Amino acid sequence: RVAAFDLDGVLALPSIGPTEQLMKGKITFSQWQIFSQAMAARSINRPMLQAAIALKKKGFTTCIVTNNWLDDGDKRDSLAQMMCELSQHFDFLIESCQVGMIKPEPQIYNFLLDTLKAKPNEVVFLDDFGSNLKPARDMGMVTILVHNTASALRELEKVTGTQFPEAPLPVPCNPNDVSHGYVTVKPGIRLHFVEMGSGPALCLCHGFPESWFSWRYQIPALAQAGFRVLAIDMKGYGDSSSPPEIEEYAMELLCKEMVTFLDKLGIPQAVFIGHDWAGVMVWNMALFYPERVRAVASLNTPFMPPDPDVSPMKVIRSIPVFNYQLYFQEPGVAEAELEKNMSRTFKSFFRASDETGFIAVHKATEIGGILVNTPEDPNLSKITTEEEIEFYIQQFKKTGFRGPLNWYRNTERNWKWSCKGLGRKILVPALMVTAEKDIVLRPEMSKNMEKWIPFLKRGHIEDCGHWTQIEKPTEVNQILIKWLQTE
Amino acid sequence: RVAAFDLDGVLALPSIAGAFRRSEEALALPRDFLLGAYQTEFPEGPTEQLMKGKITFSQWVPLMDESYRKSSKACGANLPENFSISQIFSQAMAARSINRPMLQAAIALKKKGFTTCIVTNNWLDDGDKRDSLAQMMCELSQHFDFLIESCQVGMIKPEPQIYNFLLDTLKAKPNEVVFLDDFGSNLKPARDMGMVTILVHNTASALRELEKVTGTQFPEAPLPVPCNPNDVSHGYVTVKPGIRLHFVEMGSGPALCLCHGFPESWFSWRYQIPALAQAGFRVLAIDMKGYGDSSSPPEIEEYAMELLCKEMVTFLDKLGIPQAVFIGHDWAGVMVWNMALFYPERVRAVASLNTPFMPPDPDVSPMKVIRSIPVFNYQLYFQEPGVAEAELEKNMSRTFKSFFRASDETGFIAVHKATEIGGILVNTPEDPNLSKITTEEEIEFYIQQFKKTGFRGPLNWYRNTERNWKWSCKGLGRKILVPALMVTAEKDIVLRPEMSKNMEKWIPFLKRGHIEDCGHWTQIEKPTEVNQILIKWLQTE
Ligand SMILES: CCCCCCCCCCNC(=O)NC1CCCCC1
Ligand SMILES: CCCCCCCCCCNC(=O)NC1CCCCC1
């Protein structure tokens, strides 16, 4: 079925002849004040926008039929953003000032069903007036008024269809419904990414074994937060070049290229928010290229400078919760296990802080592999949808697993490199977000990070596993936004 | 054969060193007091952990500050107790910009086939204003093959080991390589090794003079920074099922999309894109529907201006951009004005090249107005599908060198005769001469581009006359009340300037720009100006 929504005050609040032609479109705004400001005060009616994606996801045809008008005002920008935001969550836009006719003139209505290809019955309209809803039900449409700021609305709306949650999730941007940039930094290597919103720029780098798609919940919000996001596919993963050479992944290089990728893209500075392995790079970016980093934020991953008199490898042979990691060392091995069956491999890796079928991070060598435990047919974690997983699959089907793993296999070199930035410190805006129930990459591993990063601001989330962006998304967003906001 | 230059005093001016100087005298400081912390074969203390990249900048202040305070009252003149060097080294670094002529001198050899690069005594600026450096550094980025940052390779000038590290990568001998510095004390090693020394003193000329003497000659008014070849980002937005729009990106916001005309491609703005970016903008040289790497359907309806504008809008939403500056030329320009006319909200501002805002006559068949204007015959010729195509496709080489010619050049197109002699390239030479406005390669791109898209799609732009008319007739009671720019070309045969004159009846406040001796290919004929005009425009709004 389909869902129709007015705008005057059904998807934006506060709510709100000759200029009856202003509606029709023969006249613009700057055509005729003490009223302008009012259109700028109103914002999106989130729970309603929710109620929409709801159906949209549920297999309906959403849409907006409003009594528009052309805004050439001094503050139309607003409308744009709102418009450009609602854009993605509807199939058709029946703007009054676009099709000549305006509510409640019956010709507009006939125009909708017409484009909608539907019968008045299997279509429900939503208006805060009712004088505009008379036609709808008259036609055989399921009418629904507003009067208030929703609730009662979304309520008698639930009835027709399904139910909506009180505390929802941030809209998961996706899939192809996005732009796909492609920068070629070195001959054989090109880095694919994603883009959204207008500057300043902040690149979101993922970890192991993930993809840009991971930030699927941060990207939109972050954009709408007034930013130009660049969910990049880290070298080796997804649509970016994934060479077979190990040297190709030395952190020293990854950071260098990361920089190139900027020049190429003509961006002179960006905010670098990293997680997992990325997070490592992010901190090194901050450490080696201050100029190009506007600011840095890290999830789970803490800044752990290297010990100059302590073989980096030894520090791994030590920490017990880094076995699997060791297991990865040998090329072909680790790969062979994860590739053998990507389905499991993933539903396996991706599990909540409070969930079964965990990975074998420490018994790895001994039991023969990071997955030697765990069921065969893992259960879908209440953190990824089959589809959500399938993307990761398709992604990896084309890239393989060697490339990503080669991130681990550059220990000595990495050590030898990060040793140069031992006499200096991170003096650019920084953020360290710690996860609580994160088995490996435990919070307490930061504690002395300030010895290196004074002024370092922090953020911490409870009941959060390693998959922060996907486990506690809404919070991650908040924390992140509010962070950028205050700097 | 390569050529390198110590950025501060060669690529960047006024040499930061100058600031120290003018600061010494300021506080009656004996010649070279705080100067040592920069110009001294005494690379020691903190200033040596700085260029060495061991410690950042911010640290180098509290440390250097006190290391200065060393000889403060001890062995030397009075150096204010609380006296620091933070915000004084900071300004000097910011107040400095790129040495345009010298950069020129570089791209020269680069073009000429040399291995440019920069060997500077760097330091990692984690300053409150380190951005500046990023930009200037992000710019010089593309013009050099190698960047030898002192603060990145451990060694700093003039310690021999650095130099021996450069040739190592440049895989060259001391003889076939030239070094540019503003000190000379830094140049001493170079000569001794076997390199071509040159005191980058003075400011320019004199340097480029003694330079010229060993390379070639440099333009007096060089050709603006061109953004090509494949050294760019390539976005790809899918607006409707089968249709996806490819484009190009550069710099940081706000956004302004550059739409091309017929028969061109994003590559046309190759001269505006960079400059525009460097002008503080995020450019989107888009490949108009039908052209190059964007979907180029076979349907005619697919190109109704009404649609092109709609999709143009979608392309924005999709890209998450809520507003942009729309600068159009030719057919694009038309759309651009309609964009302004139909979607005010999404247009921050509009600029048009050659193409004027010509609303439609409500009581005058749009077609008739074409059958009338004599300089629109070829256009008419295009009407019939397959025909026009067949002519332009038969041999893209000519087709292009043909279309693309200067205001003052031969082999013109047959804009009015067409229909009669059947064709536009009909009476044009067999093998046209390369116009002093496009390089063979420049043309080849257009070829490859069109080889994959064909010619139907682009032409379908012409074939939507009635519909277009019927549509633009809706925006007859309103006007363009958003910032606008109308740039007129002088020697533009078709799309003559005088066709604007009453544009203000529709667009008050409409600002204008006009260029002389300019044909239809404005962006390629008078690029530098187009840039200026455009920039200065955006600048003042
Ligand atoms: C002394 C040098 C120390 C360098 C430390 C670099 C940081 C290592 C981060 C490793 N991260 C991961 O291995 N993540 C995987 C663990 C298994 C489940 C998915 C996520
Ligand atoms: C619906 C009314 C349309 C009115 C058309 C106004 C002017 C459109 C611009 C046309 N531009 C061109 O035809 N340019 C070509 C002309 C032949 C040589 C290359 C450039």
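Residues numbered from 1 in each chain as written, not as in the entry; some residues may be left out. Chains lettered and ligands numbered in written order. Heavy atoms only, no water.

- As recorded in the entry header, the structure was determined using X-ray crystallography to a resolution of 3.0 Å.

- Under the annotation held in the PDB entry, chain B carries the name EPOXIDE HYDROLASE and is attributed to Mus musculus.
- Readers searching the PDB will find this entry under the title "CRYSTAL STRUCTURE OF MURINE SOLUBLE EPOXIDE HYDROLASE COMPLEXED WITH CDU INHIBITOR".
- Under the heading Subunit, UniProt records this for chain B: "Homodimer."
- Of chain B, the UniProt comment under Sequence similarities reads exactly: "Belongs to the AB hydrolase superfamily. Epoxide hydrolase family." (UniProt positions renumbered as here; feature names shortened; annotations may be inferred.)

- Chain A has the name EPOXIDE HYDROLASE in the PDB entry, where Mus musculus is given as its organism.
- Quoted verbatim from the Cofactor field of the UniProt record, the comment on chain A reads "Mg(2+)".
- According to UniProt, the comment filed for chain A under the heading Sequence similarities is "Belongs to the AB hydrolase superfamily. Epoxide hydrolase family."

Thoughts on the overall build of chain B
Inference 1: Looking only at helices and strands, chain B features 21 helices and 14 strands.
Inference 2: Classification of the 541 residues of chain B by burial places 58% in the buried group.
Inference 3: About 21700 Å² of surface is accessible on chain B, with carbon and sulfur atoms providing 55% of the total.
Inference 4: Positive and negative side-chain charges in chain B, numbering 57 and 65 respectively, have mean positions lying 3 Å apart. (Helix = DSSP H or I, 4+ residues; strand = E, 2+ residues; numbered from the N terminus. Buried < 20%, exposed > 50% of the residue type's maximum accessible area, 1.4 Å probe, protein only. Areas by Shrake-Rupley, 256 points an atom, 1.4 Å probe, with all protein chains shown as cover. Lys, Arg positive; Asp, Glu negative; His and termini not counted. Charge placed at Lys NZ, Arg CZ, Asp CG, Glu CD.)

Section: the UniProt feature "domain: AB hydrolase-1" in chain B
Inference 1: In the numbering adopted here, UniProt assigns the feature "domain: AB hydrolase-1" to residues 254–527 of chain B.
Inference 2: Secondary structure content for residues 254–527 of chain B is 34% helix and 12% strand, and the end C-alpha separation is 22 Å.

A short note on the packing of helix α16 (residues 396–403) of chain B against helix α17 (residues 440–453) of chain B
Residue and element names in this part refer to chain B.
Inference 1: Interhelical geometry of α16 versus α17 gives an angle of 125° and a closest axis separation of 10 Å. With respect to α17, the axis of α16 lies oblique. The handedness of the crossing between α16 and α17 is right-handed. Between α16, through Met396, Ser397, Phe400 and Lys401, and α17, the contact on the second element is made entirely by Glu440, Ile443, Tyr446, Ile447, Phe450 and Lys451.
Inference 2: Across the contact of α16 with α17, the residue classes break down as six nonpolar, one polar and three charged. (Axes fitted to C-alpha atoms, helices over the stretch in contact; angles between N-to-C directions. Parallel < 35°, antiparallel > 145°, perpendicular 65-115°, else oblique. Left-handed = near helix turned anticlockwise from the far one by under 90°. Contact = heavy atoms within 4.5 Å. Nonpolar A, V, L, I, M, F, W, Y, C, P; charged D, E, K, R; others polar.)

Quick notes on the domain arrangement of chain B
Inference 1: For chain B, the assigned domains read domain 1 (1–14 + 95–215), domain 2 (15–94) and domain 3 (232–541).
Inference 2: Computed over C-alpha atoms, the centres of domain 1 of chain B and domain 3 of chain B are 41 Å apart. (Domains from an automatic or database assignment.)

Details of the site of ligand 1
All names here are of chain A.
Inference 1: Every residue close to ligand 1 is listed here: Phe208, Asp276, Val280, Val315, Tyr324, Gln325, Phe349, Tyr408, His466 and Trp467.
Inference 2: Residue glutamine 325 places a side-chain N or O atom 2.9 Å away from an oxygen atom belonging to ligand 1.
Inference 3: At 2.6 Å, a side-chain N or O of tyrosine 408 approaches an oxygen atom of ligand 1.
Inference 4: Across the complex, the protein chains shield 86% of the 580 Å² of accessible surface that ligand 1 would expose by itself.
Inference 5: For the shell around ligand 1, the secondary structure elements donating two or more residues are α10 (276–288) and α12 (323–329). (Near = heavy atom within 4 Å. Polar contact = N/O pair within 3.5 Å; in protein donor to acceptor, adjacent residues only side chain to side chain.)

As for the interface of chain B and chain A
Inference 1: If you look at the interface, chain B gives 56 residues, while chain A gives 57 residues.
Inference 2: Between chain B and chain A, roughly 4500 Å² of surface is buried when both sides are summed, and carbon and sulfur atoms account for 52% of that area.
Inference 3: Interface area lost by chain B to chain A is led by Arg130, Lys318 and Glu345 of chain B, which between them contribute 13%.
Inference 4: Linking chain B with chain A are four salt bridges.
Inference 5: A salt bridge links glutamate 249 of chain B to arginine 228 of chain A; its shortest N-O distance comes to 3.3 Å.
Inference 6: Run the count over chain B and chain A and you get 20 residue pairs in polar contact.
Inference 7: Counting only elements with at least two residues in the side of chain B that touches chain A, the list comes to α3 (57–73), α6 (131–140), β7 (236–238), α11 (305–318) and β12 (347–353) of chain B.
Inference 8: Here the side of chain B that touches chain A gets six residues from one element, more than from any other, and that element is α6 of chain B.
Inference 9: Grouping the constituent residues of the side of chain B that touches chain A by class yields 24 nonpolar, 16 polar and 16 charged. (Buried area = accessible area lost by both parts, 1.4 Å probe. Salt bridge = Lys/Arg side-chain N within 4 Å of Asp/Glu carboxyl O.)

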